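Per UniProt numbering: the first sequence = residues 560 to 628, 877 to 984, 1005 to 1061, 1197 to 1234, 1278 to 1379.
Report on the structure given below.
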Amino acid sequence: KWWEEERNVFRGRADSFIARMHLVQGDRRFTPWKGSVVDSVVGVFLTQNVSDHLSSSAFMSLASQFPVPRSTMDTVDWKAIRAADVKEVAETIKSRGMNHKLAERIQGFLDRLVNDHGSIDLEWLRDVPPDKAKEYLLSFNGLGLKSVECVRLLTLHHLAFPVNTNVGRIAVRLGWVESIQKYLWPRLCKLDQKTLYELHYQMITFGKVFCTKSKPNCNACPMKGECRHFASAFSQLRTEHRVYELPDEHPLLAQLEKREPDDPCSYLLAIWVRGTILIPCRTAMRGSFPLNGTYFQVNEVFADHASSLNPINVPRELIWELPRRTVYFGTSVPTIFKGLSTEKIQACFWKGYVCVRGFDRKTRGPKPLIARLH
DNA sequence: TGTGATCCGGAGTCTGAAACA
DNA sequence: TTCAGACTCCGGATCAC
Ligand code: SF4
């Protein structure tokens, strides 16, 4: 019964990692998101070799330029994408990089889907056995294991665990451990889907925050006693702007879509009399984001572009008694957490927010963050 | 046959050199 | 002080020998 010890040692290590990151990085438990499965496949296409914020902004640009005229409904007109020339769809996702190659891959995927089934949809893939779905997804040109595992785990709710560069490095550095896939998949094949989802989410966030490739924050890492690099060893990055929290009954939020039932964070107002409103990411996207919105943090807000360009004149009486919270502006998640102490990261993730984007409400497209904020 | 390169590509940080002295 | 190149980012395909 060696496998009895094989699964027990990893389960104890995995649950210790999950419990510790719960206090530091907030609640990463599974919560459903809307959207179809073709959105997830295109997202995994767009996340090949690029940072997460760039890929998410590229998908937002795809949604904005091609708009729709767990509710499994398309947010993007994929028929128009297949109709659109490779040059224009490469222009849409230029900022992500590899625009032309990925545009051709996406057009080929959509064309093959139409040829196979006569319609761009993959809802029936949740009814087939998991292995058949994995083989069908692997049969596509431009998709490999790391992607199809992400698609299955985050969208099809199967039992899967993708091993990307961040996961492998963390596993090697910690007491754990295609070679990494062979070591981990048999040892991590029978666990609850919610547990796999939470582990994956906290692993990617931990790779972004504490355990980076260059100069990991080993001083403030909660896993110092369980690591090997720490065992063997022995600002312009972020701008903080204190803001006000706006209850949904406030007059300023009269025409702001009245949030979402499942959104865990409220609206914010960033005063410079004049203020800019910060719209939460889940509310701004109205759910319906690929891969269960694991591209954003739990405490992530956008910046209203119209409010940023022309701040709204507000009286000081309306915002007199509202509580005050930080936002920790910046340009990327890894940069704004560099050098931060454990208490600061915990406070930011539990009683704080994070903004690295600007959102245009009218066009639903990403915009660069304004100069004064960062 | 099993890696081992070389490609794709924008956007950012970060060094090292070439600079003040 | 300027400043350009290497490197990193939730990766596949195509040769080469
Ligand atoms: S101690 Fe350092 S190397 Fe180890 S897991 Fe933490 S950040 Fe990564």
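Beta carbons are placed, not taken as given, at the ideal position from N, Cα and C, and that holds for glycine.
Can you determine whether any heavy atom of the ligand SF4 sits closer than 7 Å to the C-beta of residue i, and answer yes or no?
i	result
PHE589	no
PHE1342	no
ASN971	no
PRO1316	no
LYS1051	yes
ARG579	no
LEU1345	no
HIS1310	no
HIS1379	no
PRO1339	no
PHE576	no
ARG980	yes
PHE1057	yes
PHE1061	no
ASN1297	no
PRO1043	yes
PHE1294	no
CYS1353	no
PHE604	no
Under three-state DSSP, which class holds residue i?
i	result
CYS957	helix
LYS1367	coil
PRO626	strand
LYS560	coil
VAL1338	helix
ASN1318	strand
residue 1001	A break in the chain separates 984 from 1005, and the residue in question, residue 1001, sits inside that break with no coordinates.
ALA1047	coil
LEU1230	strand
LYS1042	coil
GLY1344	coil
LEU1023	helix
residue 994	Since the model of the chain passes from 984 to 1005 in one step, residue 994 is not part of what is shown.
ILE577	helix
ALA1311	helix
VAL568	helix
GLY1280	strand
Who are the Cβ neighbours of residue i in its own chain at under 8 Å, not counting the five residues just before and after it?
i	result
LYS1040	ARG976
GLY915	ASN948, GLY949
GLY982	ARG572, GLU1053, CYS1054, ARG1055
If I measure Cβ to Cβ from residue i and keep anything under 7 Å in the same chain, skipping five residues before and after, which residues do I get?
i	result
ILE1007	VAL970, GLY975, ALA978
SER878	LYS593
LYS941	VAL955, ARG959
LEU605	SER614, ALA617, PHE618, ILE900, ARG903, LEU909
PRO1320	none
Leaving out five residues on either side along the sequence, give the residues of the same chain with a beta carbon under 6 Å from the beta carbon of residue i.
i	result
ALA910	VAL893, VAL896, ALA897
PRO937	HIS965
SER1313	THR1281, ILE1375
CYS1038	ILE977
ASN1297	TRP592, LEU961
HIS1310	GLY1363, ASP1365, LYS1372
>> Does the contact criterion of 3 or more C-beta pairs under 8 Å hold for the region 953 to 969 versus the region 1009 to 1019?
In response: yes
>> To test your reading of the DSSP string, which unbroken alpha helix (DSSP H) runs of 4 or more residues are found completely within the region 593 to 623?
In response: Unbroken alpha helix (DSSP H) runs of no fewer than 4 residues, entirely contained in the region 593 to 623, are found at 596 to 605, following chain order.
>> Under 8 Å, with one C-beta from each stretch per pair, do the region 1212 to 1232 and the region 571 to 582 reach the 3-pair mark?
In response: no
>> Does the contact criterion of 3 or more C-beta pairs under 8 Å hold for the region 1050 to 1057 versus the region 621 to 628?
In response: no
> Which runs of the alpha helix (DSSP H), 4 residues or longer, sit entirely within the region 878 to 953?
Replying inline: 885 to 890, 893 to 899, 906 to 924, 937 to 945
> Counting pairs of Cβ atoms below 8 Å between the region 924 to 935 and the region 900 to 907, do you hit three or more?
Replying inline: no
> Taking one C-beta from the region 1325 to 1334 and one from the region 1290 to 1301 each time, how about it: are there three or more such pairs within less than 8 Å?
Replying inline: The region 1325 to 1334 is not in contact with the region 1290 to 1301.
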